[PDB]
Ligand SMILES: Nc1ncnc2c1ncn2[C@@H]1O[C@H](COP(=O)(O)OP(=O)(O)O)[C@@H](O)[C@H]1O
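Given as structure tokens, the chain that follows is alone and in the form solved without adenosine-5'-diphosphate (ADP).
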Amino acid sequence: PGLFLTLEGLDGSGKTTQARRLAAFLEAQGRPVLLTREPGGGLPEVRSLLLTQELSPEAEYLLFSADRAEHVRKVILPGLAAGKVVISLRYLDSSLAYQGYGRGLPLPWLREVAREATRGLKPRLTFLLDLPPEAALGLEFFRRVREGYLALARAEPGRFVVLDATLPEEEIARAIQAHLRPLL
């Protein structure tokens, strides 16, 4: 069958913790599951050098997209073909939020590039862990990314589930499980 879920939000919003707990919930139900992340899941070396360099927003986006392209072909699609629940910590929405809304690249173009890079694969549900940057390129930048994420979620209410990331981690996990139950 196959089921593709993603987690999104600012760095510091409990995405890794919630990915781990979601995988454990599915492991407890006997559902085979795969945990992965971006950047680095396709091309690990892209993660290393985005860490220690600052490029133009266009170059940054295209590197992320190259990693994304290998990630989809070598990790996500094969996992889904085996009937696994693939959970990716960050996917296309991160690039739209950080490089698009944050750094100012045009979103129609961003989505143009992603069409062939993702082979059109999009998640069935995306969990957005929303919070202000204080609760996790300056504060103004992170504010744009956050509002970008909220704007993206307003546009696709059938795909996005927006959770208050400031809540206790146990409540957030149970909320994710509640939203996910109907799809299993």
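Counting begins at 1, following the sequence as shown.
Beyond what is shown, the protein has a form solved in complex with adenosine-5'-diphosphate (ADP); the following relates to that form.
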- prompt: Following C-alpha superposition of the binding-site region, is the pocket for adenosine-5'-diphosphate (ADP), modelled as it is in the deposited bound form, open or blocked, where blocked requires 3 or more ligand atoms within 2.4 Å of any backbone or C-beta atom?
  reply: open
message: So in the deposited bound form, is adenosine-5'-diphosphate (ADP) close enough to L167 to count as touching (4.5 Å, heavy atoms)?
response: yes
- prompt: Taking heavy atoms only, is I172 within 4.5 angstroms of adenosine-5'-diphosphate (ADP) in the deposited bound form?
  reply: yes
message: Quick check on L10: any heavy atom within 4.5 Å of adenosine-5'-diphosphate (ADP) in the deposited bound form?
response: yes
statement: Contact check, 43 to 58 vs adenosine-5'-diphosphate (ADP) in the deposited bound form, heavy atom within 4.5 Å, ordered by sequence, gives none
